[PDB]
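Chains as they are written, first to last, in this note's numbering: chain A, 503 to 733; chain B, 24 to 128; chain C, 3 to 170; chain D, 2 to 115; chain E, 24 to 119; chain F, 99 to 150; chain G, 57 to 118; chain H, 1196 to 1330; chain I, 68 to 152; chain J, 59 to 161.
Beta carbons: idealized from backbone N, C-alpha and C, even for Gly.
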Amino acid sequence: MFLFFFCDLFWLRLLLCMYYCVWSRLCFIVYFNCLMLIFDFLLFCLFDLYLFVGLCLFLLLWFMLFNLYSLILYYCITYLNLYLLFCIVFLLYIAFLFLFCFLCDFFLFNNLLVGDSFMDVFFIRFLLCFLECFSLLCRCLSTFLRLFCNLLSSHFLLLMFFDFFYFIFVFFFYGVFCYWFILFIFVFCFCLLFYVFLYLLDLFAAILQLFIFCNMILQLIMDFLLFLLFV
Amino acid sequence: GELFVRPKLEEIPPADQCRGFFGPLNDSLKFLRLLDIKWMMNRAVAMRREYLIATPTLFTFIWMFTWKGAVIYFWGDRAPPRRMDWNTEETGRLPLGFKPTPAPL
Amino acid sequence: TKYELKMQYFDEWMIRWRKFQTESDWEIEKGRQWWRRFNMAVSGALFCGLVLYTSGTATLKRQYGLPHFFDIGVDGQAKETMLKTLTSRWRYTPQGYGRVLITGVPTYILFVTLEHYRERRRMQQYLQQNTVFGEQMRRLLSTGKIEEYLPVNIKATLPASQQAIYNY
Amino acid sequence: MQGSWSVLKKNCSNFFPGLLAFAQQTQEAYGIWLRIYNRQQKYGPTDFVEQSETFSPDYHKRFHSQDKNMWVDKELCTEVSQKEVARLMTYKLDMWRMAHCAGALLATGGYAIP
Amino acid sequence: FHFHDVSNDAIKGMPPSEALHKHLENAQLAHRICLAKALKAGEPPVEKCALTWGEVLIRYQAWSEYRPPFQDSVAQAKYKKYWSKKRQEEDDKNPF
Amino acid sequence: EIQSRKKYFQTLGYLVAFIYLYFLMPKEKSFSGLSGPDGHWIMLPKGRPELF
Amino acid sequence: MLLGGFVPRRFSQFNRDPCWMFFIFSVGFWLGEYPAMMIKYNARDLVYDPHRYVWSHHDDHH
Amino acid sequence: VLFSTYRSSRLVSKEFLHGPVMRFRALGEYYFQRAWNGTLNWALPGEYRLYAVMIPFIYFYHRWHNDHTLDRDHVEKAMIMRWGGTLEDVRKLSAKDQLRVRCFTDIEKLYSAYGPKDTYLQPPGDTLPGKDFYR
Amino acid sequence: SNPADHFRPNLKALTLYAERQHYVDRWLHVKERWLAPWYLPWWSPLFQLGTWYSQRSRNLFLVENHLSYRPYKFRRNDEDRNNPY
Amino acid sequence: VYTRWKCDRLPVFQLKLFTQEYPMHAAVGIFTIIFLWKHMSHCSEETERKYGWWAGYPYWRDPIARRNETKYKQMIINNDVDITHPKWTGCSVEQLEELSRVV
Ligand SMILES: CCCCCCCCCCCCCCCCCC(=O)OC[C@H](COP(=O)([O-])OCC(O)COP(=O)([O-])OC[C@@H](COC(=O)CCCCCCCCCCCCCCCCC)OC(=O)CCCCCCCCCCCCCCCCC)OC(=O)CCCCCCCCCCCCCCCCC
Ligand SMILES: CCCCCCCCCCCCCCCCCC(=O)OC[C@H](COP(=O)([O-])OCC(O)COP(=O)([O-])OC[C@@H](COC(=O)CCCCCCCCCCCCCCCCC)OC(=O)CCCCCCCCCCCCCCCCC)OC(=O)CCCCCCCCCCCCCCCCC
Ligand SMILES: CCCCCCCCCCCCCCCCCC(=O)OC[C@H](COP(=O)([O-])OCC(O)COP(=O)([O-])OC[C@@H](COC(=O)CCCCCCCCCCCCCCCCC)OC(=O)CCCCCCCCCCCCCCCCC)OC(=O)CCCCCCCCCCCCCCCCC
Ligand SMILES: CCCCCCCCCCCCCCCCCC(=O)OC[C@H](COP(=O)([O-])OCC(O)COP(=O)([O-])OC[C@@H](COC(=O)CCCCCCCCCCCCCCCCC)OC(=O)CCCCCCCCCCCCCCCCC)OC(=O)CCCCCCCCCCCCCCCCC
Ligand SMILES: CCCCCCCCCCCCCCCCCC(=O)OC[C@H](COP(=O)([O-])OCC(O)COP(=O)([O-])OC[C@@H](COC(=O)CCCCCCCCCCCCCCCCC)OC(=O)CCCCCCCCCCCCCCCCC)OC(=O)CCCCCCCCCCCCCCCCC
Ligand SMILES: CCCCCCCCCCCCCCCCCC(=O)OC[C@H](COP(=O)([O-])OCC[N+](C)(C)C)OC(=O)CCCCCCCCCCCCCCCCC
Ligand SMILES: CCCCCCCCCCCCCCCCCC(=O)OC[C@H](COP(=O)([O-])OCC[N+](C)(C)C)OC(=O)CCCCCCCCCCCCCCCCC
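Right, dumping it as structure tokens:
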């Protein structure tokens, strides 16, 4: 089975071509922390710690072109599938993990054995190591699950509220000419307030979710970075 | 977190000081060191060779998370049924009177 | 001769018509699996030997020197014996691309040669079979095409409870 | 530089004479390298000959140390002249590029012709 | 002619090979019935009997792929290991 | 200059694509069958009698 | 980023910029489509389908 | 030697389609190349008028597509299922009757979870046709 | 149900179907055509890359002796849990 | 001065980007693509009827049956398949004629 379909970004691609044929400065980035990993001067890393900047920027642009514009009615999030997001996070996370593993430095994993020598190795430290190795994969799964669930829940809530507002607006506006007009005006004002609140909440939540999505990947990278001190 | 420096040859405690599951496997019990997993873990921790405990675990998880998990899911053998459909070993043989083609020569 | 190109069609057909796989054909495939594992083992042993031989003297001293993890006494004796044996004579110890070639090319050649000739052996085995799979192999090498539905054309044997379809 | 048809004609015309010259240079350079290698193994420092290991402080990855894994043979003039060393260096460059091309040929069979 | 019973209730207590062969036989019977009707009507068979032929084809593909396991040392060991006396008793007790 | 020309042509192409997609292209697998394809099989064998 | 641009002070100024002219046209469409639905779907002569009980989406999704 | 790997190998003249390209760039640059048009990760511009123009346009073309391509399928399914189970049966009706049926479908959409449930649940004793009417 | 139906791609254009047998056979023919010529020896890494893994996987399939039944991958109906056929 | 992004053409830069900048990511992506097309590229007819149609499956015309009919007719005509062969019917041709005369 081969399905031929298209993304919902064609107009946005047209706008990108029109508005970015000439150069422009970028000064606001959703996830700026990918650019500033080191905060104490004289510290440097021999690992390619800035390799994630390009992927981070492209991912932010792609996910923003989809998620932020999805607030417009009838706009489609073409990639909104659980396993597709799993594939995306698998690519990024496993690629960086395999980059660290291909280094063939086993000492890098010494920190997985949690605790000190005082703690019993077999019954405490080894079980903590098992849990931490499990937690890495669980972090991957939780990242993709969080991204999927937030979008799904937000858009379900928006659709249901919009349906209710359409119903009351269309089939109960005649009460403005009736003696119970005050009740309808109260309900209508409440619906407008909830409409604005929901839109603001979704706008904030989309950007926050993208920030967290990139932060998880950068945290994976940072967990295995070692910094030398210049002398 | 911080940089790791391998211990010097003089900073590594003797093997006799390591403890097993029950107690130290000193003289007359040295060959039991090979079989006692906890003694090997304690020895590795003592020699700062903790990776021997951590590297096999993580990799195993990765191997399960990446390659074997799906292999078991898609191609693994489920539990056998109560009434089993064994092979009668009658299928495949050519019928009587059939003239097979000659082999290459 | 390239036996894999001929054998890929036959293997796919056997998978599609695996119902007619006699126990002899199954034993042939199990032997192929065993020989693949044996080839892997010997190639890995050769690779390890080449790696050890070309290893630097300091590397060997670190690897086969103190401390001893177990300190049983046999461990130290074996490590000292191997270290003395390796460091006694002169050894060509290349680095970089050179060590890659020396360690890998012999291993690749050995593994590939063994696997290729075992594939030829399996082709001969299937040629000598007196089953429908063997007949298909012979027809494939004769006409050059895989004849699907052959088992039901020549009426290959079926269980006593499934011969009704042949009843014509 | 970009490819051109004139250079293609030049290199196709001089392909076989070039290969023959490369083979002769290979013999000469092997002789020079053999002299240098014998001298290094005989008179070199223990660390240089034994190939002492120097690991990075962050990921403990081995790499050549300039102090220990490099050695200037001050008395090489007795066995090998300056011109021979220059010849060996030039041949090393040519041999590296030829080796990569030969590896591509062996890897891809006859599909490396284009 | 008579079609075999391949319903879920009948299929539940049946070996895979028997079920596959019965499905194949049912497909063949349906195909021959359709061909007989086409011949009686005089119309071409290809224009009427394509779907039944495809059903026979797919049932053949499912039937020829399955090879019942050979009863050998390792297979018998696995079967005996899983089906212990305790498990057999538990299976007998369960009404589902 | 190069990017200006390339983006001009890309913009025209995207404009045509957008118009076709959102105003001319029918959706596949319609319930009524009046618009769009229902799908079909490809890569079917041809001239291989021995295959059956 | 919502940094700047023309911002009409009141309704009457929306005609001082082409973009806001298009915006106010679109707002007119948005808000005026609701009264039209009120008139159309609360009409006296609107009649429910007699065969509405023959089939419903509730059957199909169940 | 066949194709250049460098972008500097030009395929056209510098003045090819200069005028149309300059008009296109003028359209692009007039509103976007401004100090207050600072974007957030290239996706959200700072100019208000870009929002004011693009939100309505995006909604308009998406709504046209939804009304004329996506919801039309559900509407046609309801018409076919409720009036014969075949397209010819629906076409036996007049345009006015089809209009009535489609507008009833719109009514059902607007109620959705809040409208009366007698639009799809037949009350006991109702004389209208049931589900087995055409069977 | 109806709200859930909003979450579908909106620009589906065409769907094509192909049997696994057919395109696998066509791919094998392409591979044989490109790996056949004499100027690609069997011991070359390219040829082994093309052939060895496929041979190994097919051998693993043939050697399989499972006590359970694996339903046909391309049945007409794979939605019924109580009917593997 | 020379830069990959400014001097190289797009295909060349694409290869360089995914070979000397993000080779592991490209490898993992190709791995996942192969997995998806090896295990997630099939849909049964029942699955299509349940979920494969926007408004639901139109049983009143049964497009799947028409699609399969076209497929099988094309295969039969192109491959010269004799669908009356005993293996397809399970009975001899003469028995088929007898059945035709009976029914
Ligand atoms: C049988 C029926 C037909 C179908 C056959 C199909 C055969 C299939 C074989 C089996 C394949 C199995 C696997 C399939 C997997 C599919 C997966 C999938 O879809 O994933 C979703 C995924 C969705 O991606 P997306 O996010 O939408 O972005 C991809 C878009 O293309 C947009 O992305 P982008 O913008 O980043 O792309 C770059 C873009 C950059 O932007 C542009 O260049 C702008 C233009 C964009 C064009 C592309 C968008 C298409 C929009 C819709 C169609 C437009 C209108 C078409 C009108 C048709 C009318 C009938 O540049 C281009 O597109 C380069 C091409 C430009 C062409 C320009 C042509 C100019 C001609 C001028 C002629 C003048 C003549 C004058 C003569 C005068 C004489 C006097 O699809 C893909 O990633 C691509 C899947 C493709 C898989 C390979 C398929 C095989 C190739 C088939 C070619 C058929 C050609 C014959 C057709 C003939 C007409 C019937
Ligand atoms: C450097 C990288 C670092 C970064 C890593 C990044 C990634 C994360 C890490 C984790 C991996 C993530 C997963 C990513 C996907 C990768 C692909 C994947 O997973 O595919 C698995 C995939 C799994 O197979 P499958 O497709 O699922 O099919 C399952 C079937 O079993 C397939 O059947 P088959 O026909 O293909 O045969 C397969 C066969 C493979 O094995 C063989 O063919 C035979 C053995 C091969 C040996 C290879 C050479 C080893 C060295 C030889 C000796 C050297 C020293 C010589 C000098 C000695 C002096 C005394 O295995 C078996 O069937 C099991 C046979 C076991 C027999 C056991 C008999 C009992 C006695 C022996 C054990 C007990 C001893 C007790 C002693 C007690 C003493 C007190 O492929 C395989 O595993 C098999 C094919 C590849 C085999 C390669 C063999 C070499 C492996 C490397 C060895 C050296 C490195 C390790 C040590 C390092 C130390 C520093
Ligand atoms: C189409 C062909 C397809 C080919 C397929 C095969 C794969 C690709 C072939 C080769 C491709 C070309 C490039 C390869 C990588 C190049 C790496 C490199 O640049 O190295 C430079 C480096 C030169 O630098 P150097 O300064 O001279 O020395 C390195 C420094 O020491 C460096 O100093 P350092 O400070 O970095 O020291 C650390 C260094 C120290 O190591 C070394 O550098 C020494 C050399 C490596 C020793 C490895 C052996 C270790 C002991 C193994 C013991 C196994 C016992 C098992 C017993 C089983 C009993 C039942 O590294 C390590 O510690 C890493 C140890 C390895 C860990 C392996 C972990 C694997 C986990 C497995 C996970 C699970 C897998 C799936 C499940 C399986 C089971 C079901 O080269 C080497 O040292 C040797 C390179 C060897 C290249 C590979 C040769 C390939 C031969 C292929 C034969 C088979 C062909 C099959 C074809 C099939 C049909 C198509
Ligand atoms: C038929 C089967 C084929 C198998 C498939 C092969 C597939 C292709 C892979 C590549 C194969 C090699 C291609 C030919 C290379 C040329 C010969 C050579 O080594 O040149 C020296 C040169 C040494 O490089 P280096 O960096 O200076 O080495 C550092 C050492 O410290 C250097 O040591 P040093 O500093 O002490 O100085 C020593 C130097 C001093 O010498 C000199 O100064 C005099 C010049 C000597 C070298 C001359 C080379 C000339 C190259 C051009 C040849 C003419 C081409 C003509 C083309 C047109 C023809 C019409 O002499 C050397 O260069 C000796 C190096 C060590 C020997 C390496 C050869 C080992 C393999 C051969 C034995 C195999 C036996 C099999 C037994 C089977 C048992 C079962 O080699 C290279 O340039 C390296 C190759 C570059 C391409 C690498 C491609 C990836 C390789 C991955 C292989 C992984 C394992 C295999 C499986 C792959 C599966 C994916
Ligand atoms: C010194 C000589 C002076 C001569 C003076 C002459 C003056 C008069 C003019 C001459 C006549 C006009 C010349 C051409 C002008 C073209 C337009 C233009 O000016 O563009 C600006 C520019 C002008 O050149 P330049 O700026 O001087 O230099 C460019 C730079 O050096 C390098 O550029 P770059 O690398 O930076 O970028 C190149 C390219 C990146 O590079 C490529 O794309 C090249 C590679 C693409 C390959 C794609 C196909 C791959 C297929 C798979 C592989 C197949 C293998 C098969 C193997 C064999 C099998 C047997 O970039 C892009 O893709 C972005 C631009 C795309 C343009 C938009 C295209 C769609 C416009 C649609 C408008 C109409 C809409 C419909 C209207 C309908 C009305 C009703 O041209 C380009 O950028 C070149 C674009 C080339 C795109 C090719 C796409 C082909 C797609 C269709 C393939 C059909 C295959 C059919 C097969 C059938 C089999 C059954
Ligand atoms: C950085 C933060 C940005 C915040 C931007 C805030 C924008 C504020 C908008 C105010 C209201 C706008 C009303 C528009 C009305 C259009 C016509 C209409 O009928 O629409 C009704 C539609 C739907 O209204 P409805 O649901 O009542 O429709 C009823 C229709 N029936 C009954 C048939 C169902 O209105 C909307 O959907 C507007 C929602 C806007 C939410 C904000 C989206 C911001 C993200 C996109 C930004 C795009 C910028 C692109 C710039 C270029 C990029 C390169
Ligand atoms: C309605 C049901 C819903 C169910 C939902 C279930 C979840 C689905 C989630 C899908 C999206 C997320 C996917 C993430 C990626 C998962 C990856 C995965 O598990 O794939 C494993 C699978 C395993 O492959 P396989 O399944 O073909 O395994 C073959 C094993 N036998 C033969 C025994 C059956 O990987 C692939 O599919 C890719 C294989 C080809 C690429 C790798 C080739 C090299 C292999 C190296 C080792 C062996 C050869 C020797 C060494 C090399 C010599 C040259």
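- Its chain contains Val-555 as the residues whose beta carbon lies nearer than 7 Å to that of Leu-537(A), once the 5 sequence neighbours on both sides are disregarded; these appear in chain order.
- For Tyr-84(I), the enclosing beta strand (DSSP E) starts and ends at 79-84.
- Distance from the Cα of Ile-148(C) is smallest, within the candidate group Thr-159(C), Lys-157(C), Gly-136(C), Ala-158(C), for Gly-136(C).
- In the structure shown, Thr-133(C) falls within a strand segment according to DSSP collapsed to helix, strand and coil.
- Where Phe-507(A) is concerned, the enclosing beta strand (DSSP E) starts and stops at 504-507.
- Ordered along the chain, residues surrounding ligand 2 are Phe-600(A), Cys-603(A), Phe-604(A), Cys-606(A), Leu-57(B), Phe-82(B), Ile-85(B), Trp-86(B), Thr-89(B), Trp-90(B), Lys-91(B), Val-94(B), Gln-35(C), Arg-38(C), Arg-39(C), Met-42(C), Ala-43(C), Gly-46(C), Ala-47(C), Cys-50(C), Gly-51(C), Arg-123(I), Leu-127(I) [Cβ under 7 Å from any heavy atom].
- In this structure, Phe-611(A) has its beta carbon at no less than 7 Å from each heavy atom of ligand 3.
- Between the alpha carbons of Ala-1308(H) and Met-718(A) lies a gap of roughly 39 Å.
- Across the structure, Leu-702(A) and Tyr-577(A) are spaced so that their CA atoms are roughly 17 Å apart.
- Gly-77(E) is classed as buried because its beta carbon has at least 16 other beta carbons within 10 Å across all chains shown.
- Taking 8 Å as the cut-off, the beta carbon of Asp-138(J) is found closer than this to the beta carbon of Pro-147(F).
- A straight line joining the alpha-carbon of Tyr-66(C) with that of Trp-109(I) spans about 40 Å.
- In the three-state DSSP reduction, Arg-98(D) falls in the helix class (H, G or I).
- Contacts with chain C at 8 Å (Cβ-Cβ) do not include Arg-87(I).
- Bridge pairing for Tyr-1201(H): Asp-66(J) [DSSP].
- Excluding its 5 nearest sequence neighbours in each direction, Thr-95(C) has C-beta neighbours in its own chain below 6 Å: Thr-56, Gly-58, listed in chain order.
- Flagged as an interface residue toward chain J: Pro-68(E), by a C-beta distance shorter than 8 Å.
- Listed along chain F is no residue with a C-beta nearer than 9 Å to that of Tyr-1329(H); the closest approach is about 17 Å.
- A straight line joining the alpha-carbon of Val-97(I) with that of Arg-71(B) spans about 55 Å.
- Within the region 577-641 of chain A, the alpha helix (DSSP H) runs of at least 4 residues that lie entirely inside it are, in chain order, 584-604.
- In the assembly as shown, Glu-73(B) is a buried residue. Its beta-carbon has 16 or more other beta-carbons within 10 Å.
- For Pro-147(F), no Cβ of chain I is located within less than 8 Å of the residue's own Cβ.
- Not one heavy atom of ligand 5 sits closer than 7 Å to the Cβ of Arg-1267(H).
- Going by beta carbons, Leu-117(B) and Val-154(C) fall outside the 8 Å limit.
- The continuous stretches of alpha helix (DSSP H) do not include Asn-144(I), and DSSP gives it neither H nor E.
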